[PDB]
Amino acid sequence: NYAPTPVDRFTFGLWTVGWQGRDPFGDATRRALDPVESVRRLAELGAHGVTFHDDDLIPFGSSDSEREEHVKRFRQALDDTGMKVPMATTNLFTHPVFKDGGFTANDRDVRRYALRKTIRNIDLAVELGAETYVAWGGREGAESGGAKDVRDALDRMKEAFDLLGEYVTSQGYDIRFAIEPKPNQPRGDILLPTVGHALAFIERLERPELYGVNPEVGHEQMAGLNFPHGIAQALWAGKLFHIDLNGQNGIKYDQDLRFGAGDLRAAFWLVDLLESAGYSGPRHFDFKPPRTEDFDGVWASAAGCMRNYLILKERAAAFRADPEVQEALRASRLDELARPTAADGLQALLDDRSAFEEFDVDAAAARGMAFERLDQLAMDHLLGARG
């Protein structure tokens, strides 16, 4: 049951199942995986594709002949399996040179190098067929107030993304960018900490149509926010270019639990929203099998990401299709929420005594919203307990 197919567009970062288990307090618990073995194992589970940072595919500092051989082996694995590469990204956070940032490092020489490292990998991404190029600026930010002038850093962050936009336009590439917010970790505070801040920043870029967001479930939950609500705002803005799926238990260090773990009802409402809205992009998992696990547990945890998406898809579809839920949605006036407040226009609203002098505020206030019965129908559908 719930068996994924490439049809389902489930994708995984090489760094997810390949995470060796090093954490702030502990050494690696698993050996490194060859990307070829991750591609073949993920295909065997029913994944559609993988994604990569440059330095997951090509060891940092590789010669041009080494780079060619790493890419060649990876492409043979993709060809052998039918796996795709819909997204790629740059590692601008692991090497010590990026300790104060890539695009917003205080040192100008580092900002220029970060751009050249990104541009080299955009070319590779396009060669592998990627539609989206993610940027998670995990080193952009500060531990102390004097270290980082945030208006100057936003100027540098806009300059960088504008230059990347100029680059892909000049090359005629169709790729687009997706900025991934995170509120903190590894910096004490990270710039563009939420979906909202990233959406607002994009509006000030010179070619705003080339940029969207890549929200991650656990990152918005590290600020205690409602992830389905933030995805709804991204969809409303036409900017949900990609998404990272995982689980998180509230306001903690980024746990990257498998999808469906962490906040299970937020996972249900997220899948309901993605499917209702017809989101067509990859269902990408940015997760880490816990370092307690051996490789059988790695593949079990990856299989669980896809299984939980598919169970939640079934239950959310059954909820929306149930004539009792449709009745309850009408009882709670979800249909009215979708109607214009005043398609009659401002002067008609001003002249309408039923909106002011003749509005019976106490009779309106007496109407219950019936939200609790609606939510218990939703709980019963999620748990398969209708009856």
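Residue positions are given as counts along the sequence shown, with the first one as 1.
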Per the entry, where is the mean C-alpha temperature factor higher: 312-320 or 70-78?
70-78
May I ask you to compare 5-13 and 371-379 by their mean CA B factor in the entry and name the higher one?
5-13
Based on the PDB record, which member of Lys182, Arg207, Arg111, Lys239 exhibits the highest Cα temperature factor?
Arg207
Go through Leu334, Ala328, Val50, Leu349 one by one and give the residue whose Cα B-factor in the PDB entry is largest.
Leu349
Among modelled residues of the same chain, the CA temperature factor third for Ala200:
lowest
Relative to the other modelled residues of the same chain, rank the CA B-factor of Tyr173 and answer lowest, middle or highest third.
highest
What third of the chain, by the recorded C-alpha B-factor, contains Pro215?
lowest
Using the B-factor values recorded in the entry, state whether the Cα atom of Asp149 falls in the lowest, middle or highest third among the modelled residues of its chain.
middle
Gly230 - Cα temperature factor, lowest/middle/highest third of chain:
lowest
